[PDB]
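Residue numbering for the sequence shown follows the numbering used here, starting at -7 and increasing by one per position.
All C-beta atoms in this analysis are idealised placements derived from N, C-alpha and C, irrespective of residue type, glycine included.
A quick write-up on the structure given underneath.
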Amino acid sequence: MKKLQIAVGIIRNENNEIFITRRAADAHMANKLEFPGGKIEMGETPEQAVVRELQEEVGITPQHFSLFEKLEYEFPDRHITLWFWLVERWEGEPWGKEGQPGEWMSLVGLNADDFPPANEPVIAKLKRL
Ligand SMILES: Nc1nc2c([nH]c(=O)n2[C@H]2C[C@H](O)[C@@H](COP(=O)(O)OP(=O)(O)OP(=O)(O)O)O2)c(=O)[nH]1
Ligand SMILES: OC[C@H]1O[C@@](CO)(O[C@H]2O[C@H](CO)[C@@H](O)[C@H](O)[C@H]2O)[C@@H](O)[C@@H]1O
Ligand SMILES: [Mn+2]
Ligand SMILES: [Mn+2]
Ligand SMILES: [Mn+2]
């Protein structure tokens, strides 16, 4: 069974909205809502990975961010460690830089059922802020 380290960014604006993308229909966790992010590569740190992934996926450079949650999740065919970074300052304006759907979503309106099940405790903890 594959093992991966994944870094994702919770991109939160001043109006308590989060920038959320939707995964492709042929991806793992297909059609799910997601925090932008991706695999931490050999030779880069979790902090470097979340910067690079947000630059690639949505065209922003996160800065002065914090680790909101780190957790492990066993999917049916892979084990993933997820690093959830809270990103409240960034350079740029997030968009669907890889052609993927992305939009701002109110924190209070997030439905954990729309995301991979690994995100459940994070979405709950976010709504507690
Ligand atoms: N990006 C992201 N992935 C998540 C979240 N929750 C969650 O369980 N995952 C899982 C889905 C995938 O198994 C893995 C994310 O990998 P990915 O498909 O984003 O990796 P990547 O962007 O580097 O892949 P690629 O560009 O090479 O296609 O972690 C989330 O909120 N955001
Ligand atoms: O690990 C994040 C944690 O570290 C602090 C400093 O105590 O921030 C540092 O790390 C961030 C991630 O690289 C940087 O964005 C930040 O500029 C740096 O000071 C805390 O702010 C944060 O909780
Ligand atoms: Mn990616
Ligand atoms: Mn990647
Ligand atoms: Mn990704």
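- In this structure, the alpha-carbon of residue 70 lies about 11 Å from that of residue 21.
- Sequence-distant partners of residue 46 (beyond 5 residues in either direction) whose C-beta falls short of 6 Å from its own C-beta, in its chain, are 1, 28, 52, 54.
- Secondary structure in the region 13 to 90: the alpha helix (DSSP H) runs of 4 residues or longer, each lying completely within the stretch, are 38 to 50 in chain order.
- Nearest to residue 10 by alpha-carbon distance, out of 74, 80, 96, is 96.
- The beta-carbon separation of residue 89 and residue 50, rounded to 5 Å, stays under the 8 Å limit for a contact.
- When secondary structure is reduced to three states using DSSP, residue -4 falls in the strand class.
- Counting only residues whose CB is nearer than 7 Å to a non-hydrogen atom of ligand 4, the list in chain order is 30, 31, 45, 48.
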